[PDB]
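Residue numbers (the entry's author numbering), protein chains in the order written: chain NA, 2 to 100; chain Q, 2 to 194; chain S, 2 to 204; chain L, 53 to 256. Take a look at the structure below.
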Amino acid sequence: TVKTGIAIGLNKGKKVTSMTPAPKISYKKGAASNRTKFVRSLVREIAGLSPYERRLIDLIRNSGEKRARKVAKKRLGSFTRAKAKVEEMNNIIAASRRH
Amino acid sequence: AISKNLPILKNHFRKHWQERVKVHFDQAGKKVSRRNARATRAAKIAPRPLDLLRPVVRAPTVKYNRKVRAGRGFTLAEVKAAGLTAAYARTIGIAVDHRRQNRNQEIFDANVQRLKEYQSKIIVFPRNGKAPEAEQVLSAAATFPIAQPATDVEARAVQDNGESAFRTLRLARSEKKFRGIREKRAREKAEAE
Amino acid sequence: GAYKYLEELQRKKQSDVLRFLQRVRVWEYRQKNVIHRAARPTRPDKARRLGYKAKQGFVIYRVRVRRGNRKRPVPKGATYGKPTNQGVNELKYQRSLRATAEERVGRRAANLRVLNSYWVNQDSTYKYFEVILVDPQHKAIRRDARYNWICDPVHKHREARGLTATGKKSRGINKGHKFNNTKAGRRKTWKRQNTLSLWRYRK
Amino acid sequence: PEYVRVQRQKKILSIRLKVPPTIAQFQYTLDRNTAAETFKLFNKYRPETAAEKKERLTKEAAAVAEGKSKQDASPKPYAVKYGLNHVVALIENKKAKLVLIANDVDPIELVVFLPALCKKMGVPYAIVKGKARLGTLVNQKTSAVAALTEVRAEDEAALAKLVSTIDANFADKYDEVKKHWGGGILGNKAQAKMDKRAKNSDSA
RNA sequence: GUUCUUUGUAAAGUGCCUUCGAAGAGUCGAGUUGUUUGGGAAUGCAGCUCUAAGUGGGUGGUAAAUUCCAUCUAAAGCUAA
RNA sequence: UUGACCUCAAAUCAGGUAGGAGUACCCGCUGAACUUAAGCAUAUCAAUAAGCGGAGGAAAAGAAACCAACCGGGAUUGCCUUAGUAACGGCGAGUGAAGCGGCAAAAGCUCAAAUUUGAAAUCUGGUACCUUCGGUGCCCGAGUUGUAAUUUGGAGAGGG
């Protein structure tokens, strides 16, 4: 990052020599796996899309993604966590049955 | 209730302070049981101090970033810079604060110096039993004092660059201020259609 | 692995065999009895990783729990006081209903020490749970500091106190500014933050 | 009494109700022919236990601490195999050379990943009826999670024979019961009498 | 401290390259309610409804959207002073 | 025909444990009023009285889904401190902090997540005997719905 030396500004501190840490796996907490993705994909086969999944996938193929964005919005609550749920189904749509 | 000029005082005594009270009449007493544990600890502990190895780590804020502070344990980055492992370094007499890390090399130095003077002074005996006793030094932390990482010098020559330093702050602050709105005009002349 | 197949499985309780367990164990409950004893784990992925071990000195307590609230005891529509309190059926229950179950099987056989309960079936009239029991009497757990700590009389009626999952949860005691009001034991910090303690040479 | 009450409605109340594609594939169990030879052939595959574990310490007493035998002494185990997590992870890496899926297991939940596995990891299986009869020739209890990644060159003959029989009469009829919703079989009451209703109000 | 005995094809630590590194859900937060409460457009806690995920997710004390980051790993556990 | 099989249970139950006491102090739930506002519901009283559930000398807390914005810091606990302030409150009466600094005292760790399978190999009990808080010859069961044994994030695991 580096500072400027000035007591304020973009960086209100000292340009003192930085350094690097070790591989703290507590910055690696967001991990997947060949054992988990095997299961997470084997899941959509052992059970696949449930009642809520059928419901919302038809909401995109209804009036758009903005409409299906306020459906998963009424299921999780995080407008941003919802945008995640949106592209995940287009992965069920395009990636699975589209080609 | 209110009569004649006096300060408006907020004295939280509407409840039963006269029930959940504790005047430290145990001041000098619990203070003495303190020094007692010291000597009772020792008899047991054999030749190891009332405290273990604590580092020199600078303090946070705009108020305490001025001087260092008696750190907690010891990172494993500073642990292998000394030459040993934590499951074995703690079984010696050095603290290990693994949840914390070092982001400065200037201080990492003053802290790696504390690991050399301390280890070269630890007469350690195995599972022999004879253990050639070499007494012990009271407090471990009061034996390796605040080596306040380089306070620099206190007598140099005159240097003037004519920036005023006062406007280097009137503008240093104007830097972080109009950053977003000066990028608003810089957003127009950023994209070329 | 195998158990993690069910770890991700014990997550999508919405269709086929999972939604089918809604129309199967709901009746399994309203069949045996209400507060009873079971045999082997119903969801090995949870129990185990949460504290279950398939060895002697091991039993399970599957229990039926009622939902809703806790309407203020006071007979009829009388509360004897100022409106700030008044309300009756519209009253919370600071402890989770989950504790209700533990505190029941827990004190049906206090010879045991409650480890932790696990959710498995919610309805309308009820919200069901199950229990993993550690026995401080069989040499099967009384020969393993892997979980030996349980048998000590300092663990007397685990569930009815707050040393379980729902416990530290139903105590408000967790690390962080999210709990500054009570990052210490409720009345410890309370008595503390109000207590007027004075010195020898009062400063 | 109450123990016959709850257990009878348990599986028979599960039959009026429409069983998911995860189930229903049941009743579509092992034919009476497979049971006959899968009992006469699996009677030559029995794992270590009892006198077998004892006879092992006497043979290494004349080998390991005798003519210095490094880990190897007696012939490697050639019988039937077992293990939930053992035969579960076996199919996940093709290691299995025979699959026998758990018929019962009160909690059919920890055996839900057995079927969809052989799917995107092709391995011939047959949902065999006998979690107990399985425990008898494996000298265990009620697990039904059996494996067989090898055998002898005197019995591997009848192996490939039923290898294709189970595969076709089970593994290939599986890609079919994929869009199959079973169950819904009523009794004589709402059935034979349900005939008097629709037969005396429609085309009669 | 001394004496009678190898548990030993014994057991474990830092080194090198590499393939890896799973990491806990009727949780999480959202919704509304009432209490609590410095926590003020939720301080937690509980309620019935909803019920995910992994460059993700809790937090950054003013709602909300986009941009990363800083920051840490819940949903499991023992522990003297 | 014979024998398994899971659940249920059965019994002056082989054979084991549970209640309660005390109850300054603590860990939950619980729950106000009087009082104060010069009257008064919101508030306050007070998440206190009483109420009911449970231990132990301390039990609870306890290694971070913490604090921070800095060169950062660094388990919990309790202590001067912050400060009766920023702040909550007919923003009326009054309520009410934390992180820093200083501080005694200070400490670390364990289970599931893997395929060891060339090996159910482990743990309860009974039983001759013994150096008896247990042990080995003899004999069952829980457990294969993971006890052994590998595995805990700051890491660290199969191959070589």
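For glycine and all other residues, C-beta sits at the position ideal for the given N, C-alpha and C.
Minimum C-alpha distance to residue i - residue among the options
i	options	result
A55 (chain S)	S:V121, S:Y202, S:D136 and S:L199	S:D136
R44 (chain S)	S:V132, S:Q57, S:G82 and S:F180	S:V132
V190 (chain L)	L:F94, L:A210, L:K241 and L:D227	L:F94
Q106 (chain Q)	NA:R56, NA:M20, NA:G14 and NA:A85	NA:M20
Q15 (chain S)	NA:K75, NA:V44, NA:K84 and NA:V72	NA:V44
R71 (chain S)	S:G88, S:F59 and S:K83	S:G88
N221 (chain L)	L:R84, L:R249 and L:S126	L:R84
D52 (chain Q)	Q:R39, Q:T62 and Q:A44	Q:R39
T167 (chain S)	S:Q11, S:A110, S:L51 and S:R41	S:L51
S66 (chain L)	L:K241, L:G235 and L:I153	L:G235
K117 (chain Q)	Q:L54, Q:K32 and Q:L7	Q:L54
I123 (chain Q)	Q:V58, Q:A135, Q:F26 and Q:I46	Q:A135
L139 (chain Q)	Q:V33, Q:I46 and Q:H13	Q:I46
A85 (chain NA)	NA:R99, NA:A95, NA:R70 and NA:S34	NA:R70
Interface partners of residue i on chain S, CB under 9 angstroms
i	result
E89 (chain L)	Simply none; closest approach about 29 angstroms.
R100 (chain Q)	Correct list: empty, because the minimum Cβ distance to chain S is about 12 angstroms.
Assumed close pair residue i, residue j - CB separation to whole angstroms, cut-off 8 angstroms
i	j	result
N155 (chain L)	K193 (chain L)	Contact flag wrong, Cβ pair sits at about 14 angstroms.
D17 (chain S)	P73 (chain L)	7 angstroms
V197 (chain L)	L136 (chain L)	5 angstroms
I58 (chain NA)	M90 (chain NA)	5 angstroms
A87 (chain Q)	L77 (chain Q)	6 angstroms
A132 (chain Q)	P50 (chain Q)	Going by Cβ atoms, the distance from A132 (chain Q) to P50 (chain Q) rounds to 17 angstroms, so no, they are not a contact pair.
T201 (chain L)	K149 (chain L)	4 angstroms
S198 (chain S)	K23 (chain Q)	4 angstroms
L214 (chain L)	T90 (chain L)	7 angstroms
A71 (chain Q)	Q120 (chain Q)	Actually they are not in contact, since the Cβ atoms of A71 (chain Q) and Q120 (chain Q) sit about 19 angstroms apart, beyond 8 angstroms.
Contacts that residue i makes with chain Q (C-beta to C-beta distance below 7 angstroms)
i	result
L11 (chain NA)	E176 and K177
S97 (chain S)	Neighbours of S97 (chain S) on chain Q: none; closest Cβ ~30 angstroms, over 7 angstroms.
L197 (chain S)	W18 and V22
Under 7 angstroms by beta carbon: chain L residues contacting residue i
i	result
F21 (chain S)	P72
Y6 (chain S)	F165
Partner residues on chain NA for residue i, Cβ-Cβ distance less than 9 angstroms
i	result
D17 (chain S)	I47, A48, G49 and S51
residue 1 (chain S)	Nothing about residue 1 (chain S) can be reported from this structure: the residues present for chain S run from 2 to 204 only.
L77 (chain Q)	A23
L134 (chain S)	Within chain NA, no residue comes near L134 (chain S); the closest Cβ sits about 30 angstroms away, beyond 9 angstroms.
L170 (chain Q)	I7, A8, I9 and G10
The ligand MG heavy atom lying under 6 angstroms from the CB of residue i
i	result
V58 (chain Q)	Inclusion of the ligand MG in the displayed structure is not the case, the ligand content being empty and no account of it being possible.
Interface residues of chain Q facing residue i [CB-CB closer than 8 angstroms]
i	result
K192 (chain S)	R21
Chain-ordered chain S contacts of residue i [CB-CB under 7 angstroms]
i	result
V57 (chain Q)	Neighbours of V57 (chain Q) on chain S: none; closest Cβ ~27 angstroms, over 7 angstroms.
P159 (chain L)	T43
Interface partners of residue i on chain Q, CB under 9 angstroms
i	result
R201 (chain S)	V24, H25, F26, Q28 and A29
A33 (chain NA)	Here the premise fails: no neighbours, minimum Cβ distance about 25 angstroms.
Residues that residue i contacts on chain L, provided the C-beta gap is smaller than 8 angstroms
i	result
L57 (chain NA)	Simply none; closest approach about 22 angstroms.
Within chain S, partners of residue i - CB distance below 8 angstroms
i	result
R98 (chain NA)	Those within 8 angstroms of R98 (chain NA) in chain S number zero; the least Cβ separation is about 18 angstroms.
Under 7 angstroms by beta carbon: chain NA residues contacting residue i
i	result
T152 (chain Q)	Near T152 (chain Q) there are no residues of chain NA at all, since even the closest Cβ is about 14 angstroms away, more than 7 angstroms.
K13 (chain S)	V44, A48 and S51
Using Cβ-Cβ distances below 9 angstroms, what residues of the segment 14-31 of chain NA are close to chain Q? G14, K15, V17, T18, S19, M20, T21, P22, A23, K25 and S27
Chain NA contacts made by the segment 112-128 of chain S, where a contact means CB separation under 7 angstroms: none
Is the segment 63-79 of chain S touching the segment 93-106 of chain S, taking contact as three or more C-beta pairs under 8 angstroms? yes
Short-range partners of chain L found in the segment 66-82 of chain NA, where Cβ spacing is below 7 angstroms: none
Closer than 7 angstroms, Cβ to Cβ, to anything on chain NA: give me those residues from the segment 28-59 of chain S, in chain order. none
Proximal residues, the segment 127-139 of chain L versus chain S, C-beta separation under 7 angstroms: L136 and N137
Okay, do the segment 176-184 of chain Q and the segment 5-21 of chain NA touch, 3+ Cβ pairs below 8 angstroms being the bar? yes
Taking any Cβ of chain S, which residues in the segment 169-189 of chain L have a Cβ under 7 angstroms from it, in chain order? none
Please confirm if the segment 104-121 of chain S is in contact with the segment 187-202 of chain S, defined as three or more CB-CB distances below 8 angstroms between the two stretches. no
Residues of the segment 102-122 of chain Q in Cβ contact with chain NA at a cutoff of 8 angstroms, in chain order, please. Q102, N103, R104, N105, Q106, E107 and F109
Can you find at least 3 beta carbon pairs, one from the segment 141-152 of chain Q and one from the segment 107-114 of chain Q, that sit closer than 8 angstroms? yes
Answer yes if the segment 184-193 of chain Q comes into contact with the segment 125-135 of chain L, meaning at least three C-beta pairs across the two stretches below 8 angstroms, and no otherwise. no
Tell me, please, whether the segment 226-243 of chain L touches the segment 75-91 of chain L by the rule of three or more beta-carbon pairs shorter than 8 angstroms. yes
So does the segment 137-147 of chain L actually touch the segment 160-177 of chain L, counting three or more Cβ pairs closer than 8 angstroms? yes
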